[PDB]
Amino acid sequence: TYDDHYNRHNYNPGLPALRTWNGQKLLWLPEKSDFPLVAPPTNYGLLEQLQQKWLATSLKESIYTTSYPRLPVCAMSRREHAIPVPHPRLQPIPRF
Amino acid sequence: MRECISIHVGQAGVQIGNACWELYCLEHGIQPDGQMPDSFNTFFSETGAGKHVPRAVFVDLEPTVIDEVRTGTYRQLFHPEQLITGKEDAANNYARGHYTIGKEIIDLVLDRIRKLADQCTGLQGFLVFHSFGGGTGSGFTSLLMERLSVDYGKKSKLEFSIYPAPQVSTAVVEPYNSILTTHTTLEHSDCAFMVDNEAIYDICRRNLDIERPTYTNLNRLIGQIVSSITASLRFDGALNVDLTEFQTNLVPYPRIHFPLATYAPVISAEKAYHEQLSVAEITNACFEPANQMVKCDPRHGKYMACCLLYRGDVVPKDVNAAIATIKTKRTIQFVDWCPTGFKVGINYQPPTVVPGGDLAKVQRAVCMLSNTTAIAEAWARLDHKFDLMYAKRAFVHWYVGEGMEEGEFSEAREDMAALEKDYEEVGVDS
Amino acid sequence: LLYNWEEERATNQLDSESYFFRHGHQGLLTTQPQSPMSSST
Amino acid sequence: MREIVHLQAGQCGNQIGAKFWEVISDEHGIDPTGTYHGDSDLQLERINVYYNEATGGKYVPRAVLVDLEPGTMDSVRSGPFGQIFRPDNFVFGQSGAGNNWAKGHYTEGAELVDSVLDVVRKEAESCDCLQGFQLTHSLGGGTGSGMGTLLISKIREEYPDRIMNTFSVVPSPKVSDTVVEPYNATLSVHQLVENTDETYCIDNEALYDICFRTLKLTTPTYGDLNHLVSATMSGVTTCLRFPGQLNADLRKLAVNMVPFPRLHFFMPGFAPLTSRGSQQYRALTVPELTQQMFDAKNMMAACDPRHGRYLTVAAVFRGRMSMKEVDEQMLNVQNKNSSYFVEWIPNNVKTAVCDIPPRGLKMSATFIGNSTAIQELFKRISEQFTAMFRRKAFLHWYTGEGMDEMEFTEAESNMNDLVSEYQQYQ
């Protein structure tokens, strides 16, 4: 009921505006009579997660190899705020 | 910077707060993601990447309806810790509600309240949504009005609570827990609004023509009374209200604080264009006994203090020329201590319809939050049922076995003695 | 020509209705724009 | 040379003064961007009464704008006149008063007057010679009657020499908009008589009449009932601001009108009111103005003047005029209806003459008057009070914020003995 009324936004092939009052039975049915059942059931992405946990060469692995691999070449930090080195820093170049 | 943090608690509060916090998504530019593609700040707070996160607390002890909010598309808008989940219920009892199970999820609520109000620079009160007849809202809310009236003290508090239905009832032990949650609210609250579950099935059959409606067919109707009560902070207008304008103009006395709600324009989509919605008829809808949201007649009793929260084309002239004929008639009675009687508030925004709703687009909406002495009849039928099973001591053994005694039985009846003693003395004329 | 026929018909040519006229209407003045700069003492 | 300090409070006030401060912008030729673009040169003569000077020729007012909630002065800045009102002159609170007196008079509006009084005492000593004061405020609400009566109380404690005037928005006696009107309006008129000299009582029930039967508008707002209230405000000072035949200031009609310290509750008016559609069939002359303002259906409070006798009656005029024809009209309204005045004053009518009519008019006048049939503006509130005091109807609000019942009990012994002076002379 949450997935149909809230997230789903309701029935699609039905009458979007019309509610027609019929002859014999005294009733405004074509909104009430549907009781929506459109489309697939409530899928939200849990069979995916448990399926990658369910279904499975690293059995023989030291943690230093798995937990410490080579990181990518582009994740390296840019040093935005660093004293520029083109002008040499103040250093006691008198060796005394 | 005039924020409001509102509390929904229980099985009802997540059923209502799913359909109460859906207008606040819809009438601002708020996606159910949380994004916008500044009146929203009373319910939505900026983050450093455009994301709006709300400021309400939803509590239920059984996690069986809260996890439905976590399934759908109402998840990224809400905050992960802002929704408190236990593992078991309280199972239609006040002892599990107030003593045992209410004592472990009570210190996880108050982390978030004390983090909410310490970012709210303009909070003016509290708004509560709890069930008299369940296990959580009877008890977990009953602890909070004991617990929040010592921490934050003198702040305003109001509740739109779900009263038991008068002729039909669902769970049988309710004339215990409905009486038992009453000695803990008359001195720890300020304005107790009541709505009914059966009394709106009548409304959707005679005003709307929809037979056999759902809770979510009754959740959006009560969900628009709420948007006509926050309708003063939220928008602009001629004369504006706040949470201290309500009870200073509605509750007279310390212990009679039980008003009654009524919402005027209820009509289908198709039948609206064949009928004239003048301001005379909209103010002559809430004074009919077939429009009240409880099953009571005001013809027995006497009005004491009223209210009117208009929207849209108020045109104060023709409103003033419409209250002036209500004062004429002898069918509508009052008590001589209130010769003024009324209140008018105004907002400019006409109300907004949801997709797939059952009401139409109406340009003029009226809520009438008035108190009457004819709730004192309605208390008695909920108070007649008590000694009809205390005499046999019918269901009493569920209560001693979770901390309470039989003395809470002996006084909660005696509190209803002097409450209904008070209403007979205020309903008498000078 | 219902109730109030003449004035409501006449005023529109010389002059969201409540939202537009919430600041007011030019009631207590003539339709002419300016009668200032009278050196009339 | 004789400036005016203006006060405002409530949200009832700040819709009216927002409409008061635009006819001053109309008559002095002030555009809504702070400069001046009027074609005259006499309009620029005494600009200093309402328009302080700055750089660039900018003229920004002597305005004070106060409320206890931020929700109202957002809209005053968001009106048509945003750039003119001073940003340092929006004193604000956080919590609305909510139709209660001690929320503004003793607790939350009381902690905030020390920031309003900083604004005034800096500003009022920037005037070279102030004439006095004026207030438009709510007796109906919790901020105007609660907080603003302190500002009538505490500023008069500073300078007792100047003149207090009040464009009081008194409640209607028939249809009421708040269930605590017989407390906030009852208690507010306990401190008006020791403190305030000019009291103009205004009713909306009296003004819903006038914009229907006289101006012929089927859909009236507040903003077209605010302008007639905003007409009579600039319709008082017509002679101080401009030259003419007989100038008069706000001490000159507080001497001709009020023979006693406690008989000073005025009754306002405005003369030239005719429909919008039929404006050009009337002849706007001297007999047309006087025949309207001497009637009951041109009166801005909701009491019929025929049930009593006026003690004193003021006036003012504007526009090029022939002074003998008014002098024939003022004796006729003292010779014909001689039963509608008391016999123990010789002269009861005052007049004063400007020179330049408003933009779009030719002949203007404004009616100010003492009358002892204002008892029915106060006996209805004073009989509403004891019908709920005896049932103790709302006293738990008032006791739980720093009041007594002895501050309640004496607030009708003032209100009874006020009427117990007006009764003898009529």
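Conventions and cut-offs
Residues numbered from 1 in each chain as written, not as in the entry; some residues may be left out. Chains lettered and ligands numbered in written order. Part of a larger assembly, values for the part shown. Heavy atoms only, no water. Residues with missing side-chain atoms left out of burial classes, pairs and counts. Helix = DSSP H or I, 4+ residues; strand = E, 2+ residues; numbered from the N terminus. Rg over C-alpha atoms; globule rule 2.2 N^0.38 Å. Contact = heavy atoms within 4.5 Å. Nonpolar A, V, L, I, M, F, W, Y, C, P; charged D, E, K, R; others polar. UniProt positions renumbered as here; feature names shortened; annotations may be inferred. Domains from an automatic or database assignment. Pairing = 2+ DSSP bridges. Right-handed = clockwise from strand over helix to strand, strands pointing away. Axes fitted to C-alpha atoms, helices over the stretch in contact; angles between N-to-C directions.

Per the PDB record, the structure was determined using cryo-EM to 7.7 Å resolution.

A. Inspection of the overall build of chain A at higher detail. Across its full length, chain A holds four helices and zero strands. Tracing chain A from N to C terminus, the helices and strands come up as α-α-α-α. Expected size for 96 residues packed as a compact globule is a radius of gyration near 12 Å; at 33 Å, chain A overshoots this value by more than 25%. Its C-alpha atoms give chain A principal-axis dimensions of about 115 × 45 × 20 Å.

B. Structural view of the overall build of chain B. Along its length, chain B carries 16 helices and nine strands. Over its C-alpha atoms chain B spans a radius of gyration of 21 Å, differing by no more than 12% from the 22 Å that the globule rule assigns to 430 residues. With the C-alpha coordinates of chain B rotated into their principal frame, the extents come out at 60 × 60 × 45 Å.

C. Structural detail: the arrangement of the chains. A comparison of contact numbers over the two pairs of chains in contact places chains B and D at the top. The two units chain A and chain C remain apart, with a minimum C-alpha distance of 27 Å. One finds no contact linking chain A with chain D; the least C-alpha distance across the pair is 34 Å.

D. View of the interface of chain C and chain D. Facing the six residues of chain C at the interface are six residues of chain D. A breakdown of the residues in the side of chain C that touches chain D according to their chemical character gives one nonpolar, four polar and one charged.

E. Structural view of unusual backbone geometry. All names here are of chain A. One non-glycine residue with positive phi stands out, namely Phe35, at about 55°. Mapping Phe35 onto the fold places it in the loop between α2 (29-32) and α3 (47-54). A positive phi angle, close to 55°, is found at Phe96, a residue other than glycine. Along the polypeptide, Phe96 turns up in the segment after α4 (63-66).

F. Region of the structure containing the UniProt feature "binding site: Mg(2+)" in chain B. UniProt records the feature "binding site: Mg(2+)" at B:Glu62, using the numbering of this structure. Mapped onto the elements, B:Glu62 comes out in the loop between β2 (57-60) and α3 (66-71).

G. Inspection of the interface of chain D and chain B at higher detail. Taken together, the contact pairs eight residues of chain D with nine residues of chain B. Broken down by class, the residue content of the side of chain D that touches chain B amounts to five nonpolar, two polar and one charged.

H. The arrangement of the domain arrangement of chain B in detail. Residues and elements named next belong to chain B. Split into domains, chain B comes out as domain 1 (2-259), domain 2 (260-374) and domain 3 (375-429). Put simply, the middle of domain 1 and the middle of domain 2, counted by C-alpha atoms, are 23 Å apart. Listed per partner, the contact involves 13 residues of domain 1 and 13 residues of domain 2. Broken down by element, the side of domain 1 that touches domain 2 gets its largest block of residues, three residues, from strand β6 (residues 191-196).

I. Geometry of the pairing of strand β4 (residues 125-129) of chain B. Residue and element names in this part refer to chain B. Pairing between strand β1 (residues 5-9) and β4: four bridges, direction parallel. Note on β4: the bridge partner recorded for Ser6 is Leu127. Chirality of the crossover, the property in question, places the unit of β4, helix α6 (residues 136-151) and strand β5 (residues 156-163) among those that are right-handed.

J. Examining the pairing of strand β6 (residues 130-138) of chain D more closely. Residue and element names in this part refer to chain D. In the sheet, strand β1 (residues 3-8) pairs with β6 via six bridges, with the strands oriented parallel. Bridge assignment links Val5 to a residue of β6, and that residue is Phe133. Where β6 lies against strand β7 (residues 165-169), four bridges are found, and the strand directions are parallel. Paired with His137 across the strands is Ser168, a residue of β7. Note on the crossover from β6 through helix α5 (residues 148-158) to β7: the handedness is right-handed.

K. Representation of the sheet that holds strand β8 (residues 198-202) of chain D within the structure. All names here are of chain D. Read from one edge of the open sheet, four strands run β1-β6-β7-β8, paired in parallel fashion. The open sheet has two edge strands with one neighbour each: β1 and β8. Each strand axis lies, on average, 15° off the axis of its neighbour in the sheet, ignoring direction. As judged from the five bridges shared by β7 and β8, these two strands associate in the parallel manner. The residue of β8 that forms the bridge with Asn165 is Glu198.

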